[PDB]
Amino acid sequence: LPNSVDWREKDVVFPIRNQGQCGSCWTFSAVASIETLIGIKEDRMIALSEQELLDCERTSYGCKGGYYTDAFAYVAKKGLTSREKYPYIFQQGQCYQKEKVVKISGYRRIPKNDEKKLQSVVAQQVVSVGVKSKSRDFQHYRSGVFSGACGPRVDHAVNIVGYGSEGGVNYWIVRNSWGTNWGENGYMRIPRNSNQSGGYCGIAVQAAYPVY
């Protein structure tokens, strides 16, 4: 495996987005993983609709949380339209089935706590993960390899877009949907192979990724 991976430098990751208040992080995480997968497999960068998932994915809770795994299943069964055709309106609305621009074939779930298998997959694509976000340290993070306190429970869907090392401290590169004023232009470097079981802030507890 490569010592370092950063899909942002590979022309397959769109700019950081902002979910606002709506608990639609799961739609952002699912969309981010699919967008990059389509970029890797087809060399096509097409911005996809979080709003369709929020409005139309029936296992989730709209602005009160949801499942990127089931979002993958939805895209595999029904396809997904573009962000231009169906933009994000910061709240759940009427479910529209517009012209779809992409499918996937399925998804896979990574075993709990297996950062080694996680690294294997991150070296090939972007992965959807959940983190324990509900803490002052996590919300107020600005720069560096995060060393602060996590929330009590996994409650926030994000993505891993790469991995690397600074001063011999291994980290994952985490894409969030809180806009660019959070962290390092919207991203966080979180310890990799850390001493927290489930990964730092639970990042390895429930990882999943789309299959083209």
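One rule holds for the numbers: they count along the sequence shown, beginning at 1.
- In this entry, the higher average B-factor at the C-alpha atoms falls on 191-199, of the pair 191-199 and 18-26.
- If you average the C-alpha B-factors over 88-96 and over 109-117, the higher value belongs to 109-117.
- Per the PDB record, 102 has a higher Cα B-factor than any other of 127, 131, 102, 76.
- Between the residues 60, 147, 33, 176, it is 147 that shows the highest Cα B-factor in the PDB record.
- In this PDB entry, the Cα temperature factor of residue 47 sits in the middle third of its chain's modelled residues.
- Among the modelled residues of its chain, residue 180 has a C-alpha B-factor that falls in the middle third according to the deposited record.
- Annotation for residue 151: CA B-factor lies in the highest third of the chain's modelled residues.
- Per the PDB record, residue ranking by Cα B-factor puts residue 55 in the middle third of the chain.
- In the PDB entry, residue 208 places in the lowest third of its chain by CA B-factor.
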